[PDB]
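Worksheet: the structure to be examined is printed underneath.
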Amino acid sequence: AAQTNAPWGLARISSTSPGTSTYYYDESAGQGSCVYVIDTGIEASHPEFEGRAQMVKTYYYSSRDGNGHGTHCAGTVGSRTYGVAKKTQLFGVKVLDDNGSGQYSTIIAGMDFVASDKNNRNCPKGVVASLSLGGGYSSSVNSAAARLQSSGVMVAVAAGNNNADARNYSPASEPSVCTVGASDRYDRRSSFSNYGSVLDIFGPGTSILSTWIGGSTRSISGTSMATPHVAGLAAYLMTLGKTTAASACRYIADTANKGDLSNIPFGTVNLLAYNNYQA
């Protein structure tokens, strides 16, 4: 299939070269997969989700995304226009309050919830979690991400926006999950993107257009924006039978665009998420 005039990140993840505007993807589109967006929530009513999004858990007085961040990332995972995996099921897990912050304990609880909640859901193609959040290093936060991954969920987390080594951040520094750096539309590492050996993969992260609350749209930058690209790509590749939850991160790394990014410090992978789609 082809989405013309797609946001630059969707185009990028289906192209070997920057600057294109068409998103090429297999029509299966992640149908049969599920992606938990662990974030400020999801405005499930946004038309762009075509009813494929729902709130499943909140850690605050409301399930409403009163911030936008989580609606934005769900949109990049799976909205009709802004989404990588345009037929996936989205489940919202509100671990961040409307100011976008959440205690470590709450984020850990949210991941343990997904590990269990997926057994109540129909996801024949597999289960992804997209974690656009982070804080300082935390062994317990890391372990939570590792459990979620162990439980059979492809976990993707943001490297963090500190222009620093991601080893000092969690869950970015958990080895067993897919830690995602940000690139911009000129195939430069995003100026804010963390880096380091713990990074597994880069995705579009700078000026990413997606859904916003109020049924609106906006463009935001952050590794938190690159993360849902990789999660949607995993859900897409899982639906296509090309990889599994346990292997999707490595599979995406293996099949990535290699060496195309600039300002990747030595010791950090130079790999850009790519769907290798062929009409």
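Residues in the structure tokens are numbered from 1 in each chain, the chains being A, B, ... in the order shown, and ligands are numbered from 1 in the order shown.
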Give me the residues within 8 Å of segment 176-186 of chain A as a ChimeraX atom specification, counting only C-alpha atoms and dropping any in the same chain fewer than 5 places off. /A:8-9,12,18-19,145-146,149,154-160,193-195,198-207,222-223,225-227,230,249,261
Can you check which parts of segment 139-159 of chain A lie within 8 Å of segment 111-125 of chain A? Per residue, the shortest pair of atoms and distance in Å to one decimal, counting only C-alpha atoms, sorted by chain and number, as CSV.
```
residue,atom,partner,partner_atom,distance
A:144,CA,A:111,CA,6.3
A:145,CA,A:111,CA,6.7
A:147,CA,A:112,CA,7.6
A:148,CA,A:115,CA,5.3
A:151,CA,A:115,CA,5.8
A:152,CA,A:115,CA,7.7
A:153,CA,A:115,CA,7.2
```
Residues of the last selection are to be written out with N, CA, C and O atoms, as a compact mmCIF listing (two decimals), in the first residue's frame.
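Result saved to result_24.txt:
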```txt
# COMPACT_ATOMS: atom_id res chain seq x y z
N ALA A 144 11.38 -3.84 35.70
CA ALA A 144 9.98 -3.92 35.28
C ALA A 144 9.91 -4.06 33.76
O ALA A 144 9.19 -4.92 33.24
N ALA A 145 10.71 -3.26 33.05
CA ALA A 145 10.72 -3.36 31.59
C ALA A 145 11.20 -4.72 31.18
O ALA A 145 10.65 -5.33 30.25
N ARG A 147 10.85 -7.58 32.86
CA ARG A 147 9.75 -8.52 33.06
C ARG A 147 8.75 -8.43 31.93
O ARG A 147 8.26 -9.44 31.40
N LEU A 148 8.38 -7.21 31.58
CA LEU A 148 7.40 -7.03 30.52
C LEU A 148 7.90 -7.69 29.23
O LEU A 148 7.17 -8.44 28.57
N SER A 151 7.80 -11.41 29.58
CA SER A 151 6.45 -11.96 29.56
C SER A 151 5.92 -12.21 28.17
O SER A 151 4.82 -12.73 28.06
N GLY A 152 6.64 -11.83 27.12
CA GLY A 152 6.15 -12.01 25.77
C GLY A 152 5.73 -10.75 25.03
O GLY A 152 5.10 -10.86 23.98
N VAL A 153 6.06 -9.57 25.54
CA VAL A 153 5.73 -8.29 24.92
C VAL A 153 6.97 -7.72 24.28
O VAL A 153 8.02 -7.67 24.92
```
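Nearest to residue 104 of chain A of all the residues A:11, A:53, A:133, A:90 is A:133, based on only C-alpha atoms.
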List every residue of segment 34-161 of chain A that DSSP, applied to the backbone of this structure, places in alpha helix (DSSP H), and write the result as a ChimeraX atom specification. /A:69-78,104-117,139-150
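Going from atom CA of residue 277 of chain A to atom CA of residue 79 of chain A covers 19.3 Å.
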Which one of A:94, A:87, A:189, A:258 sits closest to residue 239 of chain A if you count only C-alpha atoms? A:87
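Neighbouring residues of residue 48 of chain A at 9 Å or closer, counting only C-alpha atoms and skipping chain neighbours under 3 positions away, are residues 45, 51, 75, 78, 79, 80, 81, 82, 211 and 215 of chain A.
Take atom CA of residue 141 of chain A and atom CA of residue 228 of chain A: the distance between them is 19.2 Å.
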From a DSSP pass on the backbone, collect the residues of segment 52-266 of chain A flagged as strand (DSSP E) and hand them back as an MDAnalysis selection string. chainID A and resid 53:58 89:94 126:131 135:136 153:158 169:170 178:183 201:204 208:212 216:220 257:258
